[PDB]
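S.K.: Residues in the sequence shown are numbered from 7 upward in steps of one, following the numbering used here. By construction, the Cβ of each residue, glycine as well, lies at the ideal position given by its N, Cα and C atoms. One structure, pasted below without further comment.
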Amino acid sequence: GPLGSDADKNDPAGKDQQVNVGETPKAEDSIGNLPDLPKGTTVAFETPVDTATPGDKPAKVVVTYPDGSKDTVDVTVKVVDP
Ligand code: NA
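Shown next as structure tokens:
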């Protein structure tokens with residue numbers, strides 16, 4: 007059988023973050039263990055996050071490992087009016 011992928015061997019953990027209206031969150035701030043993922047792993051939001059109004063915004067972080075395998079994490083970006 008084949009050697010497993012990076013995704014098979016890693017488990018990124020989602021993290022909620024809070025931002026103010028208008029701010030642009032970074033996908034890195036929605037992952038709680040990025041140091042434990044392989045060097046060279048990238049993280050991105052699947053879709054840009056809406057921060058034009060307050061609310062709990064669901065988002066997905068796509069975690070792409072150097073071998074091309076991927077994990078997703080479902081997270082929440084909380085937008086508040088300051
Ligand atoms: Na995984």
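For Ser36, which residues from the same chain have a beta carbon less than 6 angstroms from its beta carbon, with the 5 sequence-adjacent residues on both sides left out?
M.R.: Looking up residue 36 in the sequence shown gives position 30. Within the same chain, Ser36 has close Cβ partners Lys21, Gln23, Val67, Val81.
S.K.: Does DSSP put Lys15 in a helix, in a strand, or in coil?
M.R.: Working through the sequence shown from its first residue, we reach residue 15 at position 9. DSSP places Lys15 in helix when its eight states are reduced to three.
S.K.: Mapping DSSP to helix, strand and coil, what is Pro41?
M.R.: Reading the sequence shown from its first residue, position 35 is the one you call residue 41. Three-state result, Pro41: helix.
S.K.: In whole angstroms, what separates the C-alpha of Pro31 from that of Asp62?
M.R.: Here the question's residue 31 lines up with position 25 in the sequence shown. Here the question's residue 62 lines up with position 56 in the sequence shown. In a straight line, the C-alpha of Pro31 is about 13 angstroms away from that of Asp62.
S.K.: Between which residues of its own chain and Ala58 is the CB-CB distance below 8 angstroms, once the five residues before and five after are set aside?
M.R.: Within the sequence shown, the letter at position 52 stands for residue 58. Closer than 8 angstroms at the Cβ level, and outside the excluded window around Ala58, lie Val27, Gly28.
S.K.: Could you give the distance in angstroms between the alpha-carbon of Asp56 and the alpha-carbon of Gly7?
M.R.: The residue given as residue 56 occupies position 50 in the sequence shown. The residue given as residue 7 occupies position 1 in the sequence shown. In a straight line, the C-alpha of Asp56 is about 44 angstroms away from that of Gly7.
S.K.: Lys32 bridges to which residues according to DSSP?
M.R.: Locating residue 32 in the sequence shown gives position 26, counting from the first residue. BP columns for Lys32 are empty, so no partner.
S.K.: Do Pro72 and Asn39 have their beta-carbon atoms positioned less than 9 angstroms apart in this structure?
M.R.: Translated into the one-based positions of the sequence shown, residue 39 becomes position 33. Translated into the one-based positions of the sequence shown, residue 72 becomes position 66. Contact: no.
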